[PDB]
Amino acid sequence: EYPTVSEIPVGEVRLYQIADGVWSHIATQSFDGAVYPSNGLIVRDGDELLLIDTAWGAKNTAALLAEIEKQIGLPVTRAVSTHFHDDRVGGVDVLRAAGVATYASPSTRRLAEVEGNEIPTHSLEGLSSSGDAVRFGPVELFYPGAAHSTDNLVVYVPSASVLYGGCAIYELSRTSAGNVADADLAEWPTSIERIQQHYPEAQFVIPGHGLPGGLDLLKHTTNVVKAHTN
Ligand SMILES: CC(=O)SC[C@@H](CCCc1ccccc1)P(=O)(O)O
Ligand SMILES: [Cl-]
Ligand SMILES: [Zn+2]
């Protein structure tokens with residue numbers, strides 16, 4: 001039932017209902033000669049929607065907006081990018097053109113600029129230090145410390161017990177650390193431990209790519225990371 005990479009042509013986007021008022025979005029994109037799936041989140045915010053992460057590229061993010069309008073029919077009014085790479089901010093210009101207010105931490109914005117990526121407009125205050133959390137509409141944003149990248153954020157939806165890990169959390173079947181160019185391998189397991197301590201009651205955990213699962217994804221991710229340091 002959760003859609004997989006072979007099922008989603010590049011340029012198409014799927015929505016998957018996780019709970020009342022909470023969806024993931026799934027899209028696909030080419031990276032270094034292969035196509036990969038990628039997850040974001042959508043959360044009902046009263047009469048509006050909160051989007052977590054783009055659908056990895058302008059074309060995909062436009063298909064995401066059209067899919068939302070077709071299937072849900074509420075406006076996306078705000079979007080948060082959880083780190084600075086193109087699967088998370090690629091498409092921000094499309095969001096902004098569509099009337100969406102785009103957000104990221106000051107760190108994410110700076111890194112996106114240096115990288116030549118699209119830059120979310122607004123800075124999120126209060127996420128400077130490992131362990132910092134802030135409320136943002138119907139979610140909590142948490143900076144666990146450096147992991148997949150130095151700036152990566154995770155997102156918790158307390159009304160549904162949904163934890164979105166972005167690229168700091170791997171799916172259960174993934175045994176190989178993927179893109180780790182900007183990762184901090186020594187800090188990653190500590191950052192996971194912070195997530196674990198802060199969200200011990202999470203029921204659904206969404207990795208940045210692939211199948212959702214449970215809190216077992218956190219331990220699994222640490223295992224893969226520790227294995228790729230030995
Ligand atoms: C592992 C990630 O989430 S990194 C973001 C890259 C996507 C990498 C996706 C991926 C997933 C599993 C294995 C290899 C690559 P980019 O934005 O630079 O294209
Ligand atoms: Cl990138
Ligand atoms: Zn990344």
# chains A, B, ... in the order shown; residues from 1 in each chain; ligands from 1

$ residues_near_ligand --ligand "ligand 2" --cutoff "12 Å" --atoms "only C-alpha atoms and all ligand atoms" --output "PyMOL selection string"
chain A and resi 31-32+56-57+83-91+108+111-119+149+179-182

$ residues_around --residues "residue 212 in chain A" --least-positions-apart "6" --cutoff "10 Å" --atoms "only C-alpha atoms" --output "list in words"
residues 2, 18, 24, 39, 163, 164, 170, 171, 172, 204, 205 and 206 of chain A

$ write_last_selection --atoms "N, CA and C atoms" --output "PDB file, in the first residue's frame"
ATOM      1  N   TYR A   2       1.994   1.336   0.703  1.00  0.00           N
ATOM      2  CA  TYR A   2       2.859   2.516   0.613  1.00  0.00           C
ATOM      3  C   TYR A   2       3.527   2.464  -0.751  1.00  0.00           C
ATOM      4  N   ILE A  18      -1.499   9.070   6.572  1.00  0.00           N
ATOM      5  CA  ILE A  18      -0.911   8.432   7.746  1.00  0.00           C
ATOM      6  C   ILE A  18      -1.883   8.437   8.914  1.00  0.00           C
ATOM      7  N   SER A  24       1.933  11.755   4.148  1.00  0.00           N
ATOM      8  CA  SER A  24       3.227  11.923   3.483  1.00  0.00           C
ATOM      9  C   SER A  24       3.011  12.192   2.002  1.00  0.00           C
ATOM     10  N   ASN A  39      10.406  11.182   0.666  1.00  0.00           N
ATOM     11  CA  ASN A  39       9.222  11.504   1.459  1.00  0.00           C
ATOM     12  C   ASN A  39       9.264  12.962   1.975  1.00  0.00           C
ATOM     13  N   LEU A 163       6.433  10.939  13.890  1.00  0.00           N
ATOM     14  CA  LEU A 163       7.769  11.497  13.831  1.00  0.00           C
ATOM     15  C   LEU A 163       8.342  11.449  12.433  1.00  0.00           C
ATOM     16  N   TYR A 164       8.634  12.617  11.875  1.00  0.00           N
ATOM     17  CA  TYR A 164       9.248  12.704  10.560  1.00  0.00           C
ATOM     18  C   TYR A 164      10.744  12.974  10.737  1.00  0.00           C
ATOM     19  N   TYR A 170      16.990   6.454   8.424  1.00  0.00           N
ATOM     20  CA  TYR A 170      16.930   5.498   7.319  1.00  0.00           C
ATOM     21  C   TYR A 170      15.735   4.546   7.457  1.00  0.00           C
ATOM     22  N   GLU A 171      15.190   4.093   6.319  1.00  0.00           N
ATOM     23  CA  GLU A 171      14.220   3.001   6.335  1.00  0.00           C
ATOM     24  C   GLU A 171      14.858   1.663   6.724  1.00  0.00           C
ATOM     25  N   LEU A 172      14.004   0.768   7.202  1.00  0.00           N
ATOM     26  CA  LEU A 172      14.464  -0.460   7.809  1.00  0.00           C
ATOM     27  C   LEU A 172      15.271  -1.335   6.834  1.00  0.00           C
ATOM     28  N   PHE A 204       4.523   6.395  14.642  1.00  0.00           N
ATOM     29  CA  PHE A 204       4.858   6.284  13.210  1.00  0.00           C
ATOM     30  C   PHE A 204       6.104   7.115  12.943  1.00  0.00           C
ATOM     31  N   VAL A 205       7.123   6.500  12.341  1.00  0.00           N
ATOM     32  CA  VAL A 205       8.354   7.201  12.034  1.00  0.00           C
ATOM     33  C   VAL A 205       8.558   7.163  10.533  1.00  0.00           C
ATOM     34  N   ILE A 206       8.684   8.347   9.948  1.00  0.00           N
ATOM     35  CA  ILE A 206       8.859   8.510   8.513  1.00  0.00           C
ATOM     36  C   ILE A 206      10.318   8.841   8.217  1.00  0.00           C
TER      37      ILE A 206
END

$ closest_residue --among "A:51, A:169, A:79, A:42" --to "ligand 3" --atoms "only C-alpha atoms and all ligand atoms"
A:169

$ select_by_dssp --residues "range 26-228 of chain A" --states "strand (DSSP E or B)" --output "JSON list (two decimals) with N, CA, C and O atoms, in the first residue's frame"
[["chain", "number", "residue", "atom", "x", "y", "z"],
["A", 26, "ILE", "N", 5.18, 11.46, -1.58],
["A", 26, "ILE", "CA", 6.23, 10.64, -2.15],
["A", 26, "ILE", "C", 6.45, 11.03, -3.60],
["A", 26, "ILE", "O", 5.50, 11.10, -4.43],
["A", 27, "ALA", "N", 7.70, 11.31, -3.92],
["A", 27, "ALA", "CA", 8.10, 11.62, -5.27],
["A", 27, "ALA", "C", 9.40, 10.89, -5.59],
["A", 27, "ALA", "O", 10.00, 10.27, -4.70],
["A", 28, "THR", "N", 9.87, 11.04, -6.83],
["A", 28, "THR", "CA", 11.08, 10.37, -7.26],
["A", 28, "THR", "C", 11.95, 11.29, -8.09],
["A", 28, "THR", "O", 11.45, 12.20, -8.76],
["A", 29, "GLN", "N", 13.26, 11.08, -8.04],
["A", 29, "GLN", "CA", 14.19, 11.97, -8.73],
["A", 29, "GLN", "C", 15.49, 11.27, -9.04],
["A", 29, "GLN", "O", 15.88, 10.38, -8.32],
["A", 30, "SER", "N", 16.19, 11.69, -10.08],
["A", 30, "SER", "CA", 17.48, 11.10, -10.41],
["A", 30, "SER", "C", 18.58, 11.77, -9.62],
["A", 30, "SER", "O", 18.58, 13.01, -9.44],
["A", 31, "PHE", "N", 19.51, 10.93, -9.16],
["A", 31, "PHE", "CA", 20.70, 11.34, -8.43],
["A", 31, "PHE", "C", 21.83, 10.40, -8.81],
["A", 31, "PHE", "O", 21.75, 9.19, -8.54],
["A", 34, "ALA", "N", 20.88, 7.17, -10.85],
["A", 34, "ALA", "CA", 19.78, 6.33, -10.36],
["A", 34, "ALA", "C", 18.60, 7.17, -9.87],
["A", 34, "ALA", "O", 18.76, 8.33, -9.51],
["A", 35, "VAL", "N", 17.43, 6.57, -9.83],
["A", 35, "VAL", "CA", 16.24, 7.25, -9.36],
["A", 35, "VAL", "C", 15.86, 6.71, -8.00],
["A", 35, "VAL", "O", 15.82, 5.50, -7.79],
["A", 36, "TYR", "N", 15.57, 7.64, -7.09],
["A", 36, "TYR", "CA", 15.29, 7.36, -5.70],
["A", 36, "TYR", "C", 13.97, 7.97, -5.32],
["A", 36, "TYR", "O", 13.63, 9.05, -5.80],
["A", 37, "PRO", "N", 13.26, 7.32, -4.38],
["A", 37, "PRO", "CA", 12.05, 7.90, -3.82],
["A", 37, "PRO", "C", 12.43, 8.86, -2.69],
["A", 37, "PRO", "O", 13.56, 8.84, -2.17],
["A", 38, "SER", "N", 11.50, 9.72, -2.33],
["A", 38, "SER", "CA", 11.75, 10.70, -1.28],
["A", 38, "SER", "C", 10.41, 11.04, -0.66],
["A", 38, "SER", "O", 9.41, 11.16, -1.38],
["A", 39, "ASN", "N", 10.41, 11.18, 0.67],
["A", 39, "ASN", "CA", 9.22, 11.50, 1.46],
["A", 39, "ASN", "C", 9.26, 12.96, 1.98],
["A", 39, "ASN", "O", 10.31, 13.43, 2.41],
["A", 40, "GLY", "N", 8.10, 13.60, 2.02],
["A", 40, "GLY", "CA", 7.88, 14.77, 2.84],
["A", 40, "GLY", "C", 6.60, 14.53, 3.65],
["A", 40, "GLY", "O", 5.98, 13.45, 3.57],
["A", 41, "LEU", "N", 6.17, 15.57, 4.35],
["A", 41, "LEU", "CA", 4.97, 15.53, 5.18],
["A", 41, "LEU", "C", 4.01, 16.67, 4.85],
["A", 41, "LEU", "O", 4.44, 17.77, 4.44],
["A", 42, "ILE", "N", 2.72, 16.42, 5.04],
["A", 42, "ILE", "CA", 1.68, 17.44, 4.97],
["A", 42, "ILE", "C", 0.83, 17.32, 6.23],
["A", 42, "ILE", "O", 0.40, 16.22, 6.59],
["A", 43, "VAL", "N", 0.59, 18.45, 6.91],
["A", 43, "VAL", "CA", -0.16, 18.44, 8.17],
["A", 43, "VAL", "C", -1.25, 19.49, 8.11],
["A", 43, "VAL", "O", -0.97, 20.66, 7.80],
["A", 44, "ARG", "N", -2.49, 19.08, 8.37],
["A", 44, "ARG", "CA", -3.58, 20.05, 8.48],
["A", 44, "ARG", "C", -3.35, 21.05, 9.64],
["A", 44, "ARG", "O", -3.06, 20.66, 10.77],
["A", 45, "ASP", "N", -3.53, 22.32, 9.30],
["A", 45, "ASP", "CA", -3.28, 23.47, 10.18],
["A", 45, "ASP", "C", -4.57, 24.33, 10.17],
["A", 45, "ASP", "O", -4.60, 25.39, 9.57],
["A", 48, "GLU", "N", -5.84, 25.48, 6.67],
["A", 48, "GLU", "CA", -4.68, 25.56, 5.79],
["A", 48, "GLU", "C", -3.85, 24.29, 5.93],
["A", 48, "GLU", "O", -4.13, 23.47, 6.80],
["A", 49, "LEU", "N", -2.84, 24.12, 5.08],
["A", 49, "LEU", "CA", -1.89, 23.02, 5.22],
["A", 49, "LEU", "C", -0.49, 23.52, 5.49],
["A", 49, "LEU", "O", -0.06, 24.52, 4.92],
["A", 50, "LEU", "N", 0.22, 22.78, 6.32],
["A", 50, "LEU", "CA", 1.64, 22.97, 6.56],
["A", 50, "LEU", "C", 2.39, 21.87, 5.76],
["A", 50, "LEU", "O", 2.06, 20.72, 5.87],
["A", 51, "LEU", "N", 3.35, 22.27, 4.96],
["A", 51, "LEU", "CA", 4.13, 21.34, 4.15],
["A", 51, "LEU", "C", 5.47, 21.24, 4.80],
["A", 51, "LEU", "O", 6.06, 22.26, 5.14],
["A", 52, "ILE", "N", 5.97, 20.02, 4.93],
["A", 52, "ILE", "CA", 7.34, 19.74, 5.35],
["A", 52, "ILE", "C", 8.07, 19.13, 4.15],
["A", 52, "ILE", "O", 7.75, 18.02, 3.70],
["A", 76, "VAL", "N", -1.88, 25.17, 0.78],
["A", 76, "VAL", "CA", -0.61, 25.16, 1.52],
["A", 76, "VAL", "C", -0.22, 26.62, 1.76],
["A", 76, "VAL", "O", -0.04, 27.36, 0.79],
["A", 77, "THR", "N", -0.09, 27.03, 3.01],
["A", 77, "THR", "CA", 0.22, 28.42, 3.29],
["A", 77, "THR", "C", 1.64, 28.60, 3.84],
["A", 77, "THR", "O", 2.23, 29.67, 3.70],
["A", 78, "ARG", "N", 2.19, 27.53, 4.44],
["A", 78, "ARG", "CA", 3.57, 27.56, 4.95],
["A", 78, "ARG", "C", 4.29, 26.27, 4.66],
["A", 78, "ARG", "O", 3.65, 25.21, 4.59],
["A", 79, "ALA", "N", 5.62, 26.36, 4.44],
["A", 79, "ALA", "CA", 6.44, 25.19, 4.18],
["A", 79, "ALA", "C", 7.75, 25.32, 5.00],
["A", 79, "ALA", "O", 8.31, 26.41, 5.10],
["A", 80, "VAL", "N", 8.21, 24.20, 5.55],
["A", 80, "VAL", "CA", 9.50, 24.14, 6.28],
["A", 80, "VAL", "C", 10.40, 23.15, 5.56],
["A", 80, "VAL", "O", 9.96, 22.04, 5.28],
["A", 101, "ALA", "N", 4.45, 30.69, 2.04],
["A", 101, "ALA", "CA", 5.53, 31.29, 2.83],
["A", 101, "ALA", "C", 6.50, 30.15, 3.19],
["A", 101, "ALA", "O", 6.10, 29.15, 3.77],
["A", 102, "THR", "N", 7.76, 30.31, 2.81],
["A", 102, "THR", "CA", 8.75, 29.26, 2.99],
["A", 102, "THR", "C", 9.70, 29.59, 4.14],
["A", 102, "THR", "O", 10.12, 30.74, 4.31],
["A", 103, "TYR", "N", 10.03, 28.55, 4.91],
["A", 103, "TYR", "CA", 10.80, 28.67, 6.18],
["A", 103, "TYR", "C", 11.92, 27.65, 6.27],
["A", 103, "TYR", "O", 11.78, 26.52, 5.81],
["A", 104, "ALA", "N", 13.01, 28.04, 6.93],
["A", 104, "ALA", "CA", 14.06, 27.10, 7.32],
["A", 104, "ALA", "C", 14.87, 27.76, 8.41],
["A", 104, "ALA", "O", 14.76, 28.98, 8.64],
["A", 122, "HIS", "N", 11.99, 32.79, 5.00],
["A", 122, "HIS", "CA", 11.90, 33.16, 6.42],
["A", 122, "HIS", "C", 12.77, 32.27, 7.31],
["A", 122, "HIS", "O", 12.83, 31.06, 7.10],
["A", 123, "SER", "N", 13.42, 32.87, 8.31],
["A", 123, "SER", "CA", 14.21, 32.14, 9.30],
["A", 123, "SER", "C", 13.37, 31.66, 10.47],
["A", 123, "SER", "O", 12.62, 32.45, 11.07],
["A", 132, "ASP", "N", 17.32, 21.85, 20.89],
["A", 132, "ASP", "CA", 16.34, 22.93, 20.81],
["A", 132, "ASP", "C", 15.04, 22.47, 20.13],
["A", 132, "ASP", "O", 15.09, 21.77, 19.12],
["A", 133, "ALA", "N", 13.89, 22.88, 20.66],
["A", 133, "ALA", "CA", 12.61, 22.56, 20.01],
["A", 133, "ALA", "C", 11.74, 23.81, 20.00],
["A", 133, "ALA", "O", 11.87, 24.65, 20.87],
["A", 134, "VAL", "N", 10.87, 23.93, 19.01],
["A", 134, "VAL", "CA", 9.96, 25.08, 18.92],
["A", 134, "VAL", "C", 8.65, 24.60, 18.34],
["A", 134, "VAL", "O", 8.63, 23.66, 17.54],
["A", 135, "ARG", "N", 7.56, 25.25, 18.71],
["A", 135, "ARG", "CA", 6.28, 24.91, 18.12],
["A", 135, "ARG", "C", 6.13, 25.65, 16.80],
["A", 135, "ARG", "O", 6.54, 26.78, 16.67],
["A", 136, "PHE", "N", 5.52, 25.00, 15.82],
["A", 136, "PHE", "CA", 5.24, 25.65, 14.54],
["A", 136, "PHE", "C", 3.88, 25.15, 14.08],
["A", 136, "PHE", "O", 3.78, 24.12, 13.44],
["A", 139, "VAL", "N", 2.81, 21.34, 14.51],
["A", 139, "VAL", "CA", 3.97, 20.48, 14.74],
["A", 139, "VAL", "C", 4.96, 21.08, 15.74],
["A", 139, "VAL", "O", 4.87, 22.26, 16.12],
["A", 140, "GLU", "N", 5.88, 20.22, 16.18],
["A", 140, "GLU", "CA", 7.08, 20.63, 16.89],
["A", 140, "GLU", "C", 8.28, 20.40, 15.98],
["A", 140, "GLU", "O", 8.40, 19.34, 15.36],
["A", 141, "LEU", "N", 9.16, 21.39, 15.89],
["A", 141, "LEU", "CA", 10.41, 21.25, 15.16],
["A", 141, "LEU", "C", 11.52, 21.03, 16.18],
["A", 141, "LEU", "O", 11.54, 21.70, 17.21],
["A", 142, "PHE", "N", 12.41, 20.10, 15.90],
["A", 142, "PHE", "CA", 13.46, 19.68, 16.81],
["A", 142, "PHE", "C", 14.79, 19.63, 16.08],
["A", 142, "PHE", "O", 14.88, 19.04, 15.01],
["A", 143, "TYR", "N", 15.83, 20.25, 16.64],
["A", 143, "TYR", "CA", 17.16, 20.13, 16.08],
["A", 143, "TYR", "C", 17.95, 19.15, 16.93],
["A", 143, "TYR", "O", 18.30, 19.49, 18.02],
["A", 154, "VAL", "N", 14.17, 17.52, 12.60],
["A", 154, "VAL", "CA", 13.09, 16.54, 12.55],
["A", 154, "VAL", "C", 11.81, 17.21, 13.04],
["A", 154, "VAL", "O", 11.84, 18.29, 13.63],
["A", 155, "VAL", "N", 10.70, 16.56, 12.78],
["A", 155, "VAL", "CA", 9.39, 17.17, 12.95],
["A", 155, "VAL", "C", 8.49, 16.17, 13.64],
["A", 155, "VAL", "O", 8.44, 15.02, 13.23],
["A", 156, "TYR", "N", 7.79, 16.60, 14.68],
["A", 156, "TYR", "CA", 6.88, 15.73, 15.40],
["A", 156, "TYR", "C", 5.48, 16.32, 15.32],
["A", 156, "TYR", "O", 5.32, 17.53, 15.46],
["A", 157, "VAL", "N", 4.49, 15.44, 15.13],
["A", 157, "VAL", "CA", 3.08, 15.84, 15.07],
["A", 157, "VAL", "C", 2.39, 15.26, 16.29],
["A", 157, "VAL", "O", 1.99, 14.09, 16.27],
["A", 162, "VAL", "N", 3.28, 11.18, 15.19],
["A", 162, "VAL", "CA", 4.04, 10.95, 13.97],
["A", 162, "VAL", "C", 5.35, 11.69, 14.04],
["A", 162, "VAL", "O", 5.38, 12.92, 14.17],
["A", 163, "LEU", "N", 6.43, 10.94, 13.89],
["A", 163, "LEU", "CA", 7.77, 11.50, 13.83],
["A", 163, "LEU", "C", 8.34, 11.45, 12.43],
["A", 163, "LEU", "O", 8.55, 10.38, 11.87],
["A", 164, "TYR", "N", 8.63, 12.62, 11.87],
["A", 164, "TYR", "CA", 9.25, 12.70, 10.56],
["A", 164, "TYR", "C", 10.74, 12.97, 10.74],
["A", 164, "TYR", "O", 11.13, 14.03, 11.24],
["A", 165, "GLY", "N", 11.58, 12.03, 10.31],
["A", 165, "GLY", "CA", 13.00, 12.11, 10.57],
["A", 165, "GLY", "C", 13.82, 12.74, 9.45],
["A", 165, "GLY", "O", 15.00, 13.06, 9.65],
["A", 166, "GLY", "N", 13.20, 12.93, 8.29],
["A", 166, "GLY", "CA", 13.92, 13.37, 7.12],
["A", 166, "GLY", "C", 15.11, 12.45, 6.90],
["A", 166, "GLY", "O", 15.09, 11.28, 7.31],
["A", 204, "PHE", "N", 4.52, 6.39, 14.64],
["A", 204, "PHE", "CA", 4.86, 6.28, 13.21],
["A", 204, "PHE", "C", 6.10, 7.11, 12.94],
["A", 204, "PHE", "O", 6.14, 8.29, 13.33],
["A", 205, "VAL", "N", 7.12, 6.50, 12.34],
["A", 205, "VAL", "CA", 8.35, 7.20, 12.03],
["A", 205, "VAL", "C", 8.56, 7.16, 10.53],
["A", 205, "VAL", "O", 8.63, 6.08, 9.94],
["A", 206, "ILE", "N", 8.68, 8.35, 9.95],
["A", 206, "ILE", "CA", 8.86, 8.51, 8.51],
["A", 206, "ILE", "C", 10.32, 8.84, 8.22],
["A", 206, "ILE", "O", 10.81, 9.86, 8.69],
["A", 207, "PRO", "N", 11.02, 7.98, 7.46],
["A", 207, "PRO", "CA", 12.37, 8.32, 7.01],
["A", 207, "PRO", "C", 12.28, 9.22, 5.80],
["A", 207, "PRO", "O", 11.20, 9.37, 5.22],
["A", 213, "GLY", "N", 8.01, 3.26, 9.38],
["A", 213, "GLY", "CA", 8.01, 2.17, 10.33],
["A", 213, "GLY", "C", 7.80, 2.72, 11.72],
["A", 213, "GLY", "O", 7.06, 3.69, 11.88]]

$ closest_residue --among "A:161, A:47, A:55, A:131" --to "residue 10 in chain A" --atoms "only C-alpha atoms"
A:55

$ residues_around --residues "residue 148 in chain A" --least-positions-apart "2" --cutoff "8 Å" --atoms "only C-alpha atoms" --output "ChimeraX atom specification"
/A:146,150,152,167-168,180,182-185,188

$ select_by_dssp --residues "range 53-154 of chain A" --states "helix (DSSP H, G or I)" --output "ChimeraX atom specification"
/A:58-71,86-89,92-97,106-115

$ atom_distance --atom1 "CA of residue 151 in chain A" --atom2 "CA of residue 13 in chain A"
26.0 Å

$ atom_distance --atom1 "CA of residue 215 in chain A" --atom2 "CA of residue 173 in chain A"
14.1 Å

$ closest_residue --among "A:59, A:25, A:110, A:198" --to "residue 158 in chain A" --atoms "only C-alpha atoms"
A:198

$ residues_around --residues "residue 177 in chain A" --least-positions-apart "4" --cutoff "8 Å" --atoms "only C-alpha atoms" --output "VMD selection string"
chain A and resid 224 to 225 228

$ write_last_selection --atoms "C-alpha atoms" --output "PDB file, in the first residue's frame"
ATOM      1  CA  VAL A 224      24.066   1.381   9.695  1.00  0.00           C
ATOM      2  CA  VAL A 225      25.994   4.547  10.573  1.00  0.00           C
ATOM      3  CA  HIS A 228      29.974   2.705   7.974  1.00  0.00           C
TER       4      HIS A 228
END

$ atom_distance --atom1 "CA of residue 8 in chain A" --atom2 "CA of residue 94 in chain A"
20.7 Å

$ closest_residue --among "A:124, A:64, A:92, A:147" --to "ligand 3" --atoms "only C-alpha atoms and all ligand atoms"
A:147
